[PDB]
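Presented below, as structure tokens, is a lone chain in the form deposited in one PDB entry.
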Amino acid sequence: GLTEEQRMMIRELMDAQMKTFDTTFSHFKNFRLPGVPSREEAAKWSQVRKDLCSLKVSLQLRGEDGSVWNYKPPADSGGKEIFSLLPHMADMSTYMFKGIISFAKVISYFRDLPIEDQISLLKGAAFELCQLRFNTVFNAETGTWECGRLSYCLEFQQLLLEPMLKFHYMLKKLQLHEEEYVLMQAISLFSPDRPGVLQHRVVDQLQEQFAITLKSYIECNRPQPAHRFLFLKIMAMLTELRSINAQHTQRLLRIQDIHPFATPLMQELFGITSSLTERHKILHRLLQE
């Protein structure tokens, strides 16, 4: 079985996930909706089209009363068309990040870290934990993220070429337990090599204890040896996600540059314009309640 700390550490993470993951998105509200050239400035746009080309979704909003609003995005011509959903998605991301921040605040091991490292970790990990939560509401038969009354539907070996999409299919294929998802979130959260992390050694030892807990959970709770390598598959998914995160940051900056849309909290997280707390005032304030 699992040691006592390991059982308690899982309890604390499941508690924190229960308290801060709105699995029905009931409190996502007030979001924006799509309404009813220099030589190297046009090079920028052709690059931004290469960014958004495989990540195209339609949007469904189911009303209380039974009605359905459905938004199909425009085909790419050239110009503003390809950003029509970006304000909405910025609002969804921002709402997901607030739940990630609250998730981190709840965890004793994250609390007892110095505020500047809390900022650097969340800055490094927020997109990754958002993707991990999104995977739990991904329906891989229909290519759809089911977010309560909202749904994002993709529009298939071409699809499996975009790393972000191949990540969700593969991770979904593993059929992980809630406990495995929440330990994945902790391992990603406590990554000792995020930019600006000063307490490398404490964060490294925290991560390894979460990884050891997950390794033992799998040995104890799944029918060995059919799941002989599940732990290592999960670690490889996290490594791929760390790279998807880097790709996504650069994509977001390119888009932001030619078409601003990121929220103030997204600006802080992704480095969009003194010390670390002065350049992260929102994030800092959210950590202190």
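Only residues modelled in both forms are compared. A residue's number is simply how far along the shown sequence it sits, counting from 1. The term rigid core refers to the most C-alpha atoms you can superpose between the two forms while keeping them within 1.5 Å.
Beyond what is shown, the protein has a form deposited with a partner chain bound; the following relates to that form.
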To verify the annotation, which of these, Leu183, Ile101, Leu86, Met92, has a non-hydrogen atom within 4.5 Å of the partner chain in the entry with it bound? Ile101
Consider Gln131 of the chain shown here, and say whether it contacts the partner chain in the entry with it bound, taking contact as heavy atoms within 4.5 Å. no
Taking the shortest heavy atom distance, is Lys105 within 4.5 Å of the partner chain in the entry with it bound? yes
Just to confirm, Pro264 within 4.5 Å of the partner chain in the entry with it bound by heavy atoms? yes
Given that the partner is absent here, does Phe127 sit within 4.5 Å of the partner chain in the entry with it bound, heavy atoms only? no
For residues shared by both forms, which stretches of 3 or more shift their Cα by 2 Å or more between this form and the one not shown, once the core is superposed? 65-67
